[PDB]
Amino acid sequence: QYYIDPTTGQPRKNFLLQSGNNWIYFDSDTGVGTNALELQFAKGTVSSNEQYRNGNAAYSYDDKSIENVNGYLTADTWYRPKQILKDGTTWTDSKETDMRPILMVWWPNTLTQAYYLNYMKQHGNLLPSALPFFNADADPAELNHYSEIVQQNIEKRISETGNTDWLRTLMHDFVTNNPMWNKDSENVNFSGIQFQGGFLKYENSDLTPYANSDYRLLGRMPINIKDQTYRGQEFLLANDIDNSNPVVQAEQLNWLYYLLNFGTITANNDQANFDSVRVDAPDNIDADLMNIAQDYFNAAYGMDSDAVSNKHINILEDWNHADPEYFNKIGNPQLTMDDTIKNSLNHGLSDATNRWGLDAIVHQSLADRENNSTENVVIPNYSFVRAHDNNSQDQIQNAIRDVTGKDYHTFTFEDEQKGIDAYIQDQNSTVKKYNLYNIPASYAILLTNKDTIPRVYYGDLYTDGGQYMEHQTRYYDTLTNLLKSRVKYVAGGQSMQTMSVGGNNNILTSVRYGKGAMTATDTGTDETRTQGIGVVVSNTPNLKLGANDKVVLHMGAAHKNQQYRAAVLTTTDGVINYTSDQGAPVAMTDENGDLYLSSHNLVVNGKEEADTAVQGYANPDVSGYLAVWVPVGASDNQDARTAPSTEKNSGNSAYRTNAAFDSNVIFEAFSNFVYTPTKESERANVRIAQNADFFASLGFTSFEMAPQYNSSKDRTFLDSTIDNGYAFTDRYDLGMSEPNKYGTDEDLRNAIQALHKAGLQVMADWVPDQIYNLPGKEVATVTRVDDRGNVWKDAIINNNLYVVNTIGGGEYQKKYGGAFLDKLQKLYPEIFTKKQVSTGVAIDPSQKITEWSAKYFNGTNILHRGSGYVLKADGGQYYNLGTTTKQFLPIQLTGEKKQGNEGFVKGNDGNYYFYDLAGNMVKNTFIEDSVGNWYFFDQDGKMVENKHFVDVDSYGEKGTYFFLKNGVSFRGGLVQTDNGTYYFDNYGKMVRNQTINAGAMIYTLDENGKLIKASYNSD
Ligand SMILES: [Ca+2]
C-alpha cells in the first residue's frame, strides 16, 4: 500500500509508479497507494478564480459603501468591496476607507474592457509593455484574464505608495477619453446665445421625482407672457432659474426686498439701502417678475407722484425692439431703453464705413426731436451710446485675442493688461479698430436730447481696463464739460436740422431753447436768455463746405442778438474745451436769433477767432466735426434742471416724460474689465465713497452700481473670469463672506451712504436669470436643446439621465432665503393674492428656498459629463441602490453568476469544460481549483487526462506537463516509467538538463528528462 524510499527511509508522498499495465499514485498526506486509472474527478469542484467573486462584491448597499448620486451610479464611482487583494496576493477583509473603482471590476461592454486594458497598459503601466493591443476580436475570457491581473497590479501600487489619489487621477482620465463619457456625446454647439456650448433642458420623469416640476414655462419674455407671439431665448448662461415656479417667484420678491433694504438687513443702516433696480436679461426670463416688481414698488414706495417716482428710477435691459410697446402698456414700472437712438447714433457717428444719414438721430427714436415742444407725450426712456456688455465687451476681448491669442479660458492678468494696452492705444488713434468713432460727438447729442434720461458709461470717462478710476480716457475732459453744461444750460424744447452738403444727409444742427421756451417763436421767461445750447455735428471727415454754404444754429426768438461763447471746438489734433465764460471765442445772433457758421472762420472786431469754421476733421477725438455753443453771462450757480411735481398723477404710468424727468442722468459705474485691487485703497466702493460729491458735480442723480454678488470664479464664462458680479453662487452674498472685486459689505454700505449724503439714488443690479457653479450633484432627466428650448437636431441626450450641479446656494442663501416673505405678506397682502399672467395662479410663499435643486431650474448649460455618464445595464436599465427606482446592481457587485456556465461543466460527449466568472469557455489556460489542483483545457476547451508528456504554450509558459486520468496536472514529485524516472517541478513543468535539490533529495536530470543520479545530502 505504501512506497518507501530506499535512501531516506520515509514513505513516498506524491509519487507515481508504473507497474506493467497498472499505474499507482501515492497520497500526498500519508502515501496510501491507489489505482491511478480509477482516479476520480472531483464532484463539486470550484475554481480558485471564484475567490474574486467573493471579494470584489460590494460590502453593502449604503452611501458609505457605494458612492452614488441621487441613487444612481456614475462612471467615476468608487465602491467598498468585501475583500481586498492586499499587495495583489492575499485577500483581506476591507476597512471603511478601502475604496476601489467600479471600472476595475465592471464594464458596460467587452469593447470598453479592451479599451480599458489598452489605456491601463500605456498610461498606467499596469500591464507588460510588450503585450499587444486588444482589438474588438479579442476573446472575452482573455480580456477577463488580463483585467484581473490589472487589479493585482493596482493593489500592488497602493501597498507601495499608500495612496489612492493617483487612482482617482488615472480613472478620471480614462473616463474622459471615451466618447461615451465626455463632450463628444454632448452635441457641443455655440449657436447664438449658447455661450457655454449649448443647453440641457430638465424634464419630468418617473426615474427622477426630484427633477419633477408642474411649471417650467419657457420663453416667457415681455412680448410672450401669454405665449401669444414667438417665444424668446429662455436659456442664457449656467443654471437657468425657473421663473414660472411661484415658489421661485416669491423668492425673487424676497430677494428684491433684500437688495432694496440691504443696509437695514445687514447692519441696521438707513442710508445704506438701494433705491432702484436694474432688471438683468428681461427678455430671457419669465416676465412675471416685472409685474411682481411693479406690485411691490407700487405698494412699498407708492409711485404715483412725479417727486416720489423720480426718487426710485428703475431701468430694463430690454434689447427687444417690440419691448417699449409692452412696457408702455403695463404702465412703465421700469424704464425701457431706447435702442433706436443707440442705432441712430452708433450707425450714424460710430461706424467705420457707410455711415447712416443723420436724419436717423432726428426721426428714429421714441421721441422725434425736430420740433419737440410737447411734454408728457412719449414713452419714458433711458438711452446710452455704450454699455458694459455692449460696444465694449466683445471688442476688448478681441484686443486680448489679437495681442496674445487667448480666450477668457486662461489668460492671466498679464495678458488681460496687454489687451487693454492695445485697446487704449486704439482708443487714442485717428483710425480705430476696437473703439467707436466720434464718442464726444455722440455724447454731445445724447446729453442735449429731450424726452430721455441719458446714461454715461464708465468706459467713456475712465479706462475700460486699469484699477477703478486709475486712469481717465481721452474723452474725459469733453464729457465732463458736457455733463456740467447740461446742468447749467440744457432745458426747454428742442430743434434739429440736417444738411446735404458734404455727403448724403450728414451735418446736423441740435438746438435747445432753455427753461421757459418750447417752440422757436417762444420769447421765453426771465431765465431763458442765458439758458439753452447749440450743437453742430457732422459725420464726414471729407466735409468741405462751399464758399456760399452756411451752417445755421436757430436759437429761436428767445435769443435775439445774444452773445454765445464756445464750449467744445474741434481742432486739427483733437478738441478744445471751455468750462467757464472767460477765454472762449464769441459769436453773435441776429434779429431772428440765428448763430451763423460757415466754411470761413468767425470774426470779432478784426480777429481770427481760434478754430470756429465748420469743416471735416480726422483725429483721435473727432472723425467729422463737433461744436458746442453756449450763451454768455450765466451764473456760477445756474441750474437749468426743473423740480419734480408732488401732484398725484391721473394717468396709469409710473413715470411721466416731462422736463423734470429730463433732469436726471444715470451713471453706469463699472466696466467688465476693471482690475481686482491689491491695496485696500484701490477698492471701487472705497473710491466711490471718496468721490461721492464729484458724481453730483457732473449732474448724476441715479447711480447704477455693479452687481455686488460674489463671483463663482469657474472660468466657464467671461462674467466669472474678470468677476463682474453676474456670475454668482450665493445670491445674498454682497462681499460678506469674502471681499468681491469692488470691496466688502462695509465698503458697499459706506459707498451707498456717501452717495445718499451727496444727494443721489443707487441702483441694485437685479439678476434673476441664473446661478453659476453649484457644489452639490444631482441626477435629473435632460434633453439637449437650443437657446429657445427646442429639441436639438439629432440629440443623443434625449430623455437621458444626467448628473447636474443644482444642489447648493451658499450660507447667506440659507440665512435670508424666504426670510422676508412672512413680513411682506403681513405688510402688503394684495401682492400675494394677485393671479400672475402666464402662471395662472398667484405667487407661493409657503415654501422657503434656502437651498437650490433641479426642481427650481428650467435647465443647465452643457457640462461635458457624457450622455452615458449615469450607469445603465447592457440592455438599458439604470443601476440604482433602491432610493429612486427599483434596486438593480451589476452581476459583479452582487456576486452570483447563473447560466449554462461558471466553474467546471461536463457537456455530454465533449468531456469537461471551464467557464470563467463571466461565463466564457476558456481555452489554452491552466485553472486552479479551491484546494490547489491545476487542470488544463486545450484548443477546444476540453480537459486533458492523457498520462503522456504533452507540451503547452498557454500564457507565455513554454513547458512539458503530465496529466493524470482525473484531470490534475502532476507537480512536485517523481514519475517512474519503463523509460526511467522523470521529475516535474512545483508548476507541473518537466525538469531537464539540470541537477535540482528537491526536499532532502538531490536529483540529476538529462536532456531527455530521465534521472541520472539521486543522492541525499545534509548540512
Ligand atoms: Ca431664464
# chains A, B, ... in the order shown; residues from 1 in each chain; ligands from 1
call {"tool": "closest_atom_pairs", "arguments": {"of": "chain A", "to": "ligand 1", "cutoff": "7 Å", "atoms": "only C-alpha atoms and all ligand atoms", "output": "tab-separated table"}}
result
residue	atom	partner	partner_atom_place_in_ligand_line	distance
A:234	CA	ligand 1	1 (Ca)	4.4
A:235	CA	ligand 1	1 (Ca)	5.3
A:236	CA	ligand 1	1 (Ca)	6.6
A:240	CA	ligand 1	1 (Ca)	5.2
A:241	CA	ligand 1	1 (Ca)	5.7
A:242	CA	ligand 1	1 (Ca)	6.5
A:284	CA	ligand 1	1 (Ca)	4.7
A:285	CA	ligand 1	1 (Ca)	3.9
A:286	CA	ligand 1	1 (Ca)	6.7
A:769	CA	ligand 1	1 (Ca)	4.7
A:770	CA	ligand 1	1 (Ca)	6.8
call {"tool": "write_last_selection", "arguments": {"atoms": "N, CA, C and O atoms", "output": "JSON list (two decimals), in the first residue's frame"}}
result
[["chain", "number", "residue", "atom", "x", "y", "z"],
["A", 234, "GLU", "N", -34.96, 81.49, -23.52],
["A", 234, "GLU", "CA", -35.07, 81.28, -22.08],
["A", 234, "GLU", "C", -33.71, 80.95, -21.46],
["A", 234, "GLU", "O", -33.39, 81.43, -20.36],
["A", 235, "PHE", "N", -32.93, 80.14, -22.16],
["A", 235, "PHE", "CA", -31.61, 79.72, -21.69],
["A", 235, "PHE", "C", -30.54, 80.71, -22.14],
["A", 235, "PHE", "O", -30.50, 81.08, -23.31],
["A", 236, "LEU", "N", -29.69, 81.11, -21.20],
["A", 236, "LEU", "CA", -28.65, 82.10, -21.47],
["A", 236, "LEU", "C", -27.29, 81.62, -20.97],
["A", 236, "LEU", "O", -26.36, 81.42, -21.77],
["A", 240, "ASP", "N", -30.12, 77.84, -15.45],
["A", 240, "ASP", "CA", -31.25, 78.71, -15.75],
["A", 240, "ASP", "C", -32.37, 78.57, -14.71],
["A", 240, "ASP", "O", -32.99, 77.51, -14.61],
["A", 241, "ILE", "N", -32.61, 79.64, -13.95],
["A", 241, "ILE", "CA", -33.63, 79.65, -12.90],
["A", 241, "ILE", "C", -35.04, 79.66, -13.51],
["A", 241, "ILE", "O", -35.35, 80.50, -14.36],
["A", 242, "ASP", "N", -35.87, 78.72, -13.06],
["A", 242, "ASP", "CA", -37.27, 78.65, -13.48],
["A", 242, "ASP", "C", -38.09, 79.73, -12.78],
["A", 242, "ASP", "O", -38.35, 79.64, -11.58],
["A", 284, "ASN", "N", -35.01, 87.21, -21.32],
["A", 284, "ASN", "CA", -34.57, 85.83, -21.11],
["A", 284, "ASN", "C", -35.32, 85.11, -20.00],
["A", 284, "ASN", "O", -35.24, 83.88, -19.88],
["A", 285, "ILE", "N", -36.05, 85.87, -19.19],
["A", 285, "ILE", "CA", -36.78, 85.32, -18.04],
["A", 285, "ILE", "C", -38.29, 85.37, -18.26],
["A", 285, "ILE", "O", -38.77, 85.95, -19.23],
["A", 286, "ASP", "N", -39.03, 84.74, -17.35],
["A", 286, "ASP", "CA", -40.49, 84.87, -17.31],
["A", 286, "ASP", "C", -40.81, 86.28, -16.81],
["A", 286, "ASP", "O", -40.50, 86.64, -15.67],
["A", 769, "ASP", "N", -31.88, 85.61, -13.45],
["A", 769, "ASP", "CA", -31.83, 84.63, -14.54],
["A", 769, "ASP", "C", -31.14, 83.32, -14.18],
["A", 769, "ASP", "O", -31.68, 82.25, -14.45],
["A", 770, "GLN", "N", -29.95, 83.41, -13.59],
["A", 770, "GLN", "CA", -29.13, 82.21, -13.38],
["A", 770, "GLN", "C", -28.33, 82.19, -12.07],
["A", 770, "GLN", "O", -28.19, 83.21, -11.39]]
call {"tool": "select_by_dssp", "arguments": {"residues": "range 395-619 of chain A", "states": "alpha helix (DSSP H)", "output": "PDB file with N, CA and C atoms, in the first residue's frame"}}
result
ATOM      1  N   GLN A 395     -15.226  93.765 -28.048  1.00  0.00           N
ATOM      2  CA  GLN A 395     -14.093  94.468 -28.655  1.00  0.00           C
ATOM      3  C   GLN A 395     -12.824  94.349 -27.813  1.00  0.00           C
ATOM      4  N   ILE A 396     -12.961  94.587 -26.510  1.00  0.00           N
ATOM      5  CA  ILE A 396     -11.858  94.469 -25.554  1.00  0.00           C
ATOM      6  C   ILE A 396     -11.305  93.046 -25.565  1.00  0.00           C
ATOM      7  N   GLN A 397     -12.214  92.075 -25.619  1.00  0.00           N
ATOM      8  CA  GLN A 397     -11.864  90.659 -25.669  1.00  0.00           C
ATOM      9  C   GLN A 397     -11.100  90.324 -26.949  1.00  0.00           C
ATOM     10  N   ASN A 398     -11.472  90.984 -28.045  1.00  0.00           N
ATOM     11  CA  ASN A 398     -10.784  90.830 -29.326  1.00  0.00           C
ATOM     12  C   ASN A 398      -9.379  91.424 -29.320  1.00  0.00           C
ATOM     13  N   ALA A 399      -9.190  92.488 -28.541  1.00  0.00           N
ATOM     14  CA  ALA A 399      -7.878  93.114 -28.387  1.00  0.00           C
ATOM     15  C   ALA A 399      -6.903  92.176 -27.675  1.00  0.00           C
ATOM     16  N   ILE A 400      -7.406  91.457 -26.671  1.00  0.00           N
ATOM     17  CA  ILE A 400      -6.632  90.433 -25.966  1.00  0.00           C
ATOM     18  C   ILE A 400      -6.375  89.252 -26.902  1.00  0.00           C
ATOM     19  N   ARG A 401      -7.395  88.902 -27.682  1.00  0.00           N
ATOM     20  CA  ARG A 401      -7.335  87.804 -28.646  1.00  0.00           C
ATOM     21  C   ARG A 401      -6.325  88.065 -29.766  1.00  0.00           C
ATOM     22  N   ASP A 402      -6.127  89.337 -30.108  1.00  0.00           N
ATOM     23  CA  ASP A 402      -5.207  89.717 -31.178  1.00  0.00           C
ATOM     24  C   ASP A 402      -3.763  89.841 -30.698  1.00  0.00           C
ATOM     25  N   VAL A 403      -3.582  90.367 -29.489  1.00  0.00           N
ATOM     26  CA  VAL A 403      -2.244  90.616 -28.953  1.00  0.00           C
ATOM     27  C   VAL A 403      -1.596  89.349 -28.375  1.00  0.00           C
ATOM     28  N   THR A 412      -4.603  84.955 -17.646  1.00  0.00           N
ATOM     29  CA  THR A 412      -3.926  85.671 -16.541  1.00  0.00           C
ATOM     30  C   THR A 412      -3.964  87.205 -16.680  1.00  0.00           C
ATOM     31  N   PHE A 413      -3.740  87.899 -15.564  1.00  0.00           N
ATOM     32  CA  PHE A 413      -3.752  89.367 -15.518  1.00  0.00           C
ATOM     33  C   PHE A 413      -2.828  90.031 -16.532  1.00  0.00           C
ATOM     34  N   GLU A 414      -1.652  89.439 -16.737  1.00  0.00           N
ATOM     35  CA  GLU A 414      -0.650  89.983 -17.653  1.00  0.00           C
ATOM     36  C   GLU A 414      -1.174  90.103 -19.085  1.00  0.00           C
ATOM     37  N   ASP A 415      -1.851  89.059 -19.564  1.00  0.00           N
ATOM     38  CA  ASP A 415      -2.416  89.059 -20.914  1.00  0.00           C
ATOM     39  C   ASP A 415      -3.669  89.924 -21.019  1.00  0.00           C
ATOM     40  N   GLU A 416      -4.383  90.074 -19.904  1.00  0.00           N
ATOM     41  CA  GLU A 416      -5.518  90.995 -19.827  1.00  0.00           C
ATOM     42  C   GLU A 416      -5.015  92.434 -19.929  1.00  0.00           C
ATOM     43  N   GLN A 417      -3.883  92.700 -19.278  1.00  0.00           N
ATOM     44  CA  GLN A 417      -3.242  94.013 -19.299  1.00  0.00           C
ATOM     45  C   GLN A 417      -2.687  94.365 -20.677  1.00  0.00           C
ATOM     46  N   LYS A 418      -2.144  93.363 -21.370  1.00  0.00           N
ATOM     47  CA  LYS A 418      -1.612  93.536 -22.724  1.00  0.00           C
ATOM     48  C   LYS A 418      -2.710  93.892 -23.726  1.00  0.00           C
ATOM     49  N   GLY A 419      -3.892  93.308 -23.534  1.00  0.00           N
ATOM     50  CA  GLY A 419      -5.053  93.588 -24.377  1.00  0.00           C
ATOM     51  C   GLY A 419      -5.608  94.980 -24.152  1.00  0.00           C
ATOM     52  N   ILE A 420      -5.645  95.395 -22.886  1.00  0.00           N
ATOM     53  CA  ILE A 420      -6.089  96.738 -22.505  1.00  0.00           C
ATOM     54  C   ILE A 420      -5.163  97.810 -23.087  1.00  0.00           C
ATOM     55  N   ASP A 421      -3.855  97.576 -22.993  1.00  0.00           N
ATOM     56  CA  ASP A 421      -2.852  98.484 -23.555  1.00  0.00           C
ATOM     57  C   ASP A 421      -3.090  98.739 -25.042  1.00  0.00           C
ATOM     58  N   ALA A 422      -3.409  97.674 -25.776  1.00  0.00           N
ATOM     59  CA  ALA A 422      -3.718  97.765 -27.201  1.00  0.00           C
ATOM     60  C   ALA A 422      -5.066  98.439 -27.447  1.00  0.00           C
ATOM     61  N   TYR A 423      -5.998  98.251 -26.515  1.00  0.00           N
ATOM     62  CA  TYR A 423      -7.340  98.825 -26.616  1.00  0.00           C
ATOM     63  C   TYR A 423      -7.343 100.338 -26.386  1.00  0.00           C
ATOM     64  N   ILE A 424      -6.577 100.791 -25.394  1.00  0.00           N
ATOM     65  CA  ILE A 424      -6.498 102.216 -25.055  1.00  0.00           C
ATOM     66  C   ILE A 424      -5.663 102.988 -26.081  1.00  0.00           C
ATOM     67  N   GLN A 425      -4.639 102.334 -26.629  1.00  0.00           N
ATOM     68  CA  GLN A 425      -3.864 102.901 -27.733  1.00  0.00           C
ATOM     69  C   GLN A 425      -4.732 103.080 -28.971  1.00  0.00           C
ATOM     70  N   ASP A 426      -5.578 102.085 -29.241  1.00  0.00           N
ATOM     71  CA  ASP A 426      -6.543 102.147 -30.337  1.00  0.00           C
ATOM     72  C   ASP A 426      -7.588 103.234 -30.092  1.00  0.00           C
ATOM     73  N   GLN A 427      -7.969 103.404 -28.827  1.00  0.00           N
ATOM     74  CA  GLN A 427      -8.900 104.451 -28.421  1.00  0.00           C
ATOM     75  C   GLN A 427      -8.328 105.832 -28.732  1.00  0.00           C
ATOM     76  N   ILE A 439     -16.988 109.527 -30.258  1.00  0.00           N
ATOM     77  CA  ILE A 439     -17.555 109.380 -28.915  1.00  0.00           C
ATOM     78  C   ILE A 439     -18.031 110.730 -28.348  1.00  0.00           C
ATOM     79  N   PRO A 440     -17.190 111.793 -28.427  1.00  0.00           N
ATOM     80  CA  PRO A 440     -17.619 113.087 -27.883  1.00  0.00           C
ATOM     81  C   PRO A 440     -18.796 113.681 -28.653  1.00  0.00           C
ATOM     82  N   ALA A 441     -18.794 113.499 -29.972  1.00  0.00           N
ATOM     83  CA  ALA A 441     -19.897 113.937 -30.824  1.00  0.00           C
ATOM     84  C   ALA A 441     -21.201 113.210 -30.477  1.00  0.00           C
ATOM     85  N   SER A 442     -21.102 111.907 -30.209  1.00  0.00           N
ATOM     86  CA  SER A 442     -22.251 111.092 -29.811  1.00  0.00           C
ATOM     87  C   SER A 442     -22.825 111.547 -28.475  1.00  0.00           C
ATOM     88  N   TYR A 443     -21.940 111.815 -27.516  1.00  0.00           N
ATOM     89  CA  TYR A 443     -22.344 112.255 -26.182  1.00  0.00           C
ATOM     90  C   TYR A 443     -22.885 113.683 -26.167  1.00  0.00           C
ATOM     91  N   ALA A 444     -22.392 114.515 -27.083  1.00  0.00           N
ATOM     92  CA  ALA A 444     -22.877 115.889 -27.227  1.00  0.00           C
ATOM     93  C   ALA A 444     -24.339 115.933 -27.675  1.00  0.00           C
ATOM     94  N   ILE A 445     -24.753 114.933 -28.451  1.00  0.00           N
ATOM     95  CA  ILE A 445     -26.151 114.788 -28.862  1.00  0.00           C
ATOM     96  C   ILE A 445     -26.971 114.156 -27.736  1.00  0.00           C
ATOM     97  N   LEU A 446     -26.421 113.101 -27.132  1.00  0.00           N
ATOM     98  CA  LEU A 446     -27.092 112.337 -26.078  1.00  0.00           C
ATOM     99  C   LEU A 446     -27.473 113.195 -24.871  1.00  0.00           C
ATOM    100  N   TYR A 458     -19.108 104.081 -17.837  1.00  0.00           N
ATOM    101  CA  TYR A 458     -17.838 104.210 -17.115  1.00  0.00           C
ATOM    102  C   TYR A 458     -16.630 104.234 -18.051  1.00  0.00           C
ATOM    103  N   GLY A 459     -16.650 103.362 -19.058  1.00  0.00           N
ATOM    104  CA  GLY A 459     -15.544 103.220 -20.006  1.00  0.00           C
ATOM    105  C   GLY A 459     -15.303 104.411 -20.916  1.00  0.00           C
ATOM    106  N   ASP A 460     -16.184 105.406 -20.840  1.00  0.00           N
ATOM    107  CA  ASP A 460     -16.061 106.623 -21.639  1.00  0.00           C
ATOM    108  C   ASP A 460     -15.499 107.795 -20.835  1.00  0.00           C
ATOM    109  N   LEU A 461     -15.526 107.673 -19.509  1.00  0.00           N
ATOM    110  CA  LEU A 461     -14.907 108.659 -18.622  1.00  0.00           C
ATOM    111  C   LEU A 461     -13.565 108.151 -18.104  1.00  0.00           C
ATOM    112  N   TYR A 476     -12.529 112.153 -21.576  1.00  0.00           N
ATOM    113  CA  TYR A 476     -12.879 112.577 -20.220  1.00  0.00           C
ATOM    114  C   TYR A 476     -13.208 114.068 -20.133  1.00  0.00           C
ATOM    115  N   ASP A 477     -12.283 114.907 -20.594  1.00  0.00           N
ATOM    116  CA  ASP A 477     -12.415 116.362 -20.487  1.00  0.00           C
ATOM    117  C   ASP A 477     -13.646 116.917 -21.202  1.00  0.00           C
ATOM    118  N   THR A 478     -13.976 116.340 -22.355  1.00  0.00           N
ATOM    119  CA  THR A 478     -15.128 116.778 -23.144  1.00  0.00           C
ATOM    120  C   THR A 478     -16.448 116.369 -22.485  1.00  0.00           C
ATOM    121  N   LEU A 479     -16.544 115.101 -22.086  1.00  0.00           N
ATOM    122  CA  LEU A 479     -17.758 114.563 -21.466  1.00  0.00           C
ATOM    123  C   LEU A 479     -18.088 115.214 -20.121  1.00  0.00           C
ATOM    124  N   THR A 480     -17.064 115.447 -19.303  1.00  0.00           N
ATOM    125  CA  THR A 480     -17.229 116.129 -18.016  1.00  0.00           C
ATOM    126  C   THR A 480     -17.708 117.568 -18.208  1.00  0.00           C
ATOM    127  N   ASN A 481     -17.188 118.225 -19.245  1.00  0.00           N
ATOM    128  CA  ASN A 481     -17.612 119.573 -19.617  1.00  0.00           C
ATOM    129  C   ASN A 481     -19.058 119.585 -20.115  1.00  0.00           C
ATOM    130  N   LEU A 482     -19.404 118.597 -20.941  1.00  0.00           N
ATOM    131  CA  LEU A 482     -20.763 118.446 -21.464  1.00  0.00           C
ATOM    132  C   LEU A 482     -21.777 118.152 -20.359  1.00  0.00           C
ATOM    133  N   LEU A 483     -21.363 117.351 -19.377  1.00  0.00           N
ATOM    134  CA  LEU A 483     -22.209 116.995 -18.236  1.00  0.00           C
ATOM    135  C   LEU A 483     -22.485 118.195 -17.329  1.00  0.00           C
ATOM    136  N   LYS A 484     -21.460 119.018 -17.113  1.00  0.00           N
ATOM    137  CA  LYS A 484     -21.596 120.251 -16.337  1.00  0.00           C
ATOM    138  C   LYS A 484     -22.426 121.300 -17.080  1.00  0.00           C
ATOM    139  N   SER A 485     -22.300 121.317 -18.407  1.00  0.00           N
ATOM    140  CA  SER A 485     -23.068 122.224 -19.260  1.00  0.00           C
ATOM    141  C   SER A 485     -24.547 121.850 -19.283  1.00  0.00           C
ATOM    142  N   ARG A 486     -24.827 120.555 -19.144  1.00  0.00           N
ATOM    143  CA  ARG A 486     -26.195 120.046 -19.094  1.00  0.00           C
ATOM    144  C   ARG A 486     -26.945 120.595 -17.878  1.00  0.00           C
ATOM    145  N   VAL A 487     -26.240 120.682 -16.752  1.00  0.00           N
ATOM    146  CA  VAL A 487     -26.793 121.201 -15.501  1.00  0.00           C
ATOM    147  C   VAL A 487     -27.135 122.687 -15.631  1.00  0.00           C
ATOM    148  N   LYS A 488     -26.267 123.439 -16.305  1.00  0.00           N
ATOM    149  CA  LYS A 488     -26.429 124.887 -16.446  1.00  0.00           C
ATOM    150  C   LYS A 488     -27.371 125.324 -17.571  1.00  0.00           C
TER     151      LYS A 488
END
call {"tool": "residues_around", "arguments": {"residues": "residue 16 in chain A", "least_positions_apart": "2", "cutoff": "12 Å", "atoms": "only C-alpha atoms", "output": "MDAnalysis selection string"}}
result
chainID A and resid 2:3 12:14 18:19 22:28 31:37 947 962:964 970:977 981:984
call {"tool": "residues_around", "arguments": {"residues": "residue 539 in chain A", "least_positions_apart": "2", "cutoff": "6 Å", "atoms": "only C-alpha atoms", "output": "number ranges by chain"}}
result
A: 349, 506, 624
call {"tool": "select_by_dssp", "arguments": {"residues": "range 334-387 of chain A", "states": "strand (DSSP E)", "output": "ChimeraX atom specification"}}
result
/A:336-337,371-372,381-384
call {"tool": "write_last_selection", "arguments": {"atoms": "C-alpha atoms", "output": "CSV table (one decimal), in the first residue's frame"}}
result
chain,number,residue,atom,x,y,z
A,336,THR,CA,-37.4,100.8,-21.3
A,337,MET,CA,-34.1,101.5,-23.2
A,371,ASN,CA,-39.7,120.3,-33.3
A,372,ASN,CA,-40.2,118.7,-29.9
A,381,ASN,CA,-36.9,106.0,-21.5
A,382,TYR,CA,-33.2,106.0,-20.8
A,383,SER,CA,-30.6,106.0,-23.6
A,384,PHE,CA,-26.9,105.3,-24.0
call {"tool": "residues_around", "arguments": {"residues": "residue 217 in chain A", "least_positions_apart": "3", "cutoff": "9 Å", "atoms": "only C-alpha atoms", "output": "ChimeraX atom specification"}}
result
/A:220,242-245,286,838-839,858
call {"tool": "atom_distance", "arguments": {"atom1": "CA of residue 633 in chain A", "atom2": "CA of residue 530 in chain A"}}
result
6.4 Å
call {"tool": "closest_atom_pairs", "arguments": {"of": "range 763-831 of chain A", "to": "range 874-895 of chain A", "cutoff": "12 Å", "atoms": "only C-alpha atoms", "output": "Markdown table"}}
result
| residue | atom | partner | partner_atom | distance |
| --- | --- | --- | --- | --- |
| A:778 | CA | A:884 | CA | 11.9 |
| A:779 | CA | A:884 | CA | 10.1 |
| A:780 | CA | A:884 | CA | 11.2 |
| A:800 | CA | A:878 | CA | 10.3 |
| A:801 | CA | A:878 | CA | 8.8 |
| A:802 | CA | A:878 | CA | 11.5 |
call {"tool": "write_last_selection", "arguments": {"atoms": "N, CA and C atoms", "output": "compact mmCIF listing (two decimals), in the first residue's frame"}}
result
# COMPACT_ATOMS: atom_id res chain seq x y z
N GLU A 778 -26.63 66.16 -8.57
CA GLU A 778 -27.98 65.60 -8.62
C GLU A 778 -28.25 64.96 -9.97
N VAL A 779 -28.98 63.85 -9.97
CA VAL A 779 -29.36 63.18 -11.22
C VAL A 779 -30.74 63.65 -11.67
N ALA A 780 -30.80 64.16 -12.90
CA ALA A 780 -32.04 64.66 -13.49
C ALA A 780 -32.20 64.17 -14.92
N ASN A 800 -32.40 61.31 -21.43
CA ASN A 800 -31.39 60.52 -20.72
C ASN A 800 -31.12 61.07 -19.33
N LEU A 801 -30.64 60.21 -18.44
CA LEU A 801 -30.26 60.63 -17.09
C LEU A 801 -28.90 61.30 -17.12
N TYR A 802 -28.77 62.38 -16.35
CA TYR A 802 -27.57 63.21 -16.37
C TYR A 802 -27.27 63.74 -14.98
